[PDB]
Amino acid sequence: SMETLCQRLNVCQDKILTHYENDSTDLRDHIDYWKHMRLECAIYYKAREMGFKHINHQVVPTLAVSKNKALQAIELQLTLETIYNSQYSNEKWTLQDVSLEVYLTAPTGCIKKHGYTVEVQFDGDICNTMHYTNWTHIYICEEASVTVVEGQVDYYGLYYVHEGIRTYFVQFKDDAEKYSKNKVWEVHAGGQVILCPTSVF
């Protein structure tokens, strides 16, 4: 019934709010957060399926929206469970570290920590400067395994190396093409500058 969904939604939302207020650094609490986000999405999807457009006067999203959010929550929950069973479980882990905002930032689909700004100035114009996020710790999860890799910077973009394979998750030429008349830029990644390594014409 609608009544049962309402009651479950309350307790569910209360638990989520409690996590927000606690701001825990224990990974176990973040697994519990995502498990409740996952249940909340299923509740809203069922409410919509049953023809309700609000629940306790909160908007009930369309089916497609609640399903997409559910799939995100499930993926994050299972990823954090894999990390909890790994050697990295006892590290500090914040709600921001395990947020969808971080997870979907390039490289997408990865829990990441210790982000910092890399600035790229295109063709010598201050107004034509892009800001990107690099990460010292990128957690690559495949199946039940986790490996941490370091985000690295060179003239061409931001990359990591996993199992000997170099994968760029930002390529600065993509924004050069969009914003600039040139393929010449300067990369600032914190105290030093990376300049065009090749001849210029």
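Numbering starts at 1 and follows the sequence shown.
**Student:** On mean C-alpha B-factor from the PDB entry, just flag whether 72-80 or 127-135 is the higher one.
**Tutor:** The entry gives the higher C-alpha B-factor average to 127-135.
**Student:** When the Cα temperature factors in the entry are averaged, is it 53-61 or 141-149 that ends up higher?
**Tutor:** Per the PDB entry, the higher value belongs to 141-149.
**Student:** Where does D32 sit by CA temperature factor within its chain: lowest, middle or highest third?
**Tutor:** For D32, the deposited C-alpha B-factor lands in the lowest third.
**Student:** Using the B-factor values recorded in the entry, state whether the Cα atom of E40 falls in the lowest, middle or highest third among the modelled residues of its chain.
**Tutor:** Lowest third, going by the recorded CA B-factors of the chain.
**Student:** Which third of the chain holds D26 when residues are ordered by C-alpha B factor: lowest, middle or highest?
**Tutor:** It falls in the middle third of the chain.
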